[PDB]
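Take a look at this one chain, the form deposited in one PDB entry, written out in structure tokens.
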């Protein structure tokens, strides 16, 4: 139930705000003082370290995220893409996605209700992954993956294998073990499979447009626009993969962690249920303004990201020798900023292991540069609002309609498969609730 990030936490607790650690077998310095987080993340003077993002660019030799929006480290090349794709994330575009978030969240609840016999185990990690994928495929690409209907198992498996491969490739000796040759081939096959799905969905979009079919603008419209000037489609496919994975798997892990922790927090669940009952009652469709009224649910989701941030770290390149909190750090060193580590430091959060949504209550002092599950600054998550809205819609509907009980034996530990996620798949038994 322990992960590599816990060793970084141990080194930070032992040695202070600036500590040399080994990550992806490269030397890095983890920086955990709030003033240093602010200095480096809030200035465009500091950019991502390409050496650390190579683990996403290519995996076991096969191009995966390439130079898409997450893994492009050059400021100019990144900014050019960001400006174009930001258009797909305006307040108005997001509100137009509430129909999609409601539709798939209601579909999830209806499937779960059909399974809510109080004894059959349901993997909530898998069900939330299927819901997040069906939401992203429709909202971003205008496609129906229907994973909630049991379709596209090869695609869901390919995603799982490549995320495991990201972690294996950057931390293990798999590339040299004869026993792992099959595993490496299957990771490379899964990465090529996903880029070829991108080729198909891109062709479907171009053909629909060529036939004069109506096509609302979405994320795919902007990733196509960002590549207008391109020799070929590899850059476009990098952003297809980037948004296909980032736009569903991290939200799914956040939802799974929240369901896992809430299963042992009856008092908190009672308040959430009462809040949903008072705010949305038996309404079928949640409105944008409804979400803002679910104040305690927002607190709960923020506390879930403090203790269980799926995207656990970000790196900036320190180009020249610099004194950081009194420690002289050599030039060309990757600096690691980790919301996972800071969230578990008693220096920044009293009784860090206690799950207490009141840390994010009205009037509570806001964490200052000690909490950043979507990172901060210019390279912060372009999908933050998309994610916060979709997770709230799914959680509100689950709280309205179902009661969960974790299957005895399921653990509360973590595992790393690119991002952090529950070690166990959050197997639960369900019963219908309320109206």
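Note that the rigid core is defined as the largest set of C-alphas that superpose within 1.5 Å between two forms. Residue numbers count along the first chain shown, from 1. Shifts are known only where both forms have a C-alpha.
Just so it is clear, the following notes concern the form deposited in another entry, a form of the same protein that is not shown.
No residue in 12, 427, 23, 414 other than 23 shows a CA shift of 2 angstroms or more between this form and the one not shown after fitting the rigid core.
After superposing the rigid core, the Cα of residue 171 is displaced by 2 Å or more between this form and the one not shown.
Compared with the form shown here, the C-alpha atoms of residue 174 and residue 244 sit at least 3 Å farther apart in that other deposited form. Shown here is a form in which the CA atoms of residue 319 and residue 25 lie at least 3 Å farther apart than they do in that other deposited form.
Taking the core as reference, several blocks of three or more adjacent residues between this form and the one not shown have all their Cα positions offset by 2 Å or more: 22-27, 171-180.
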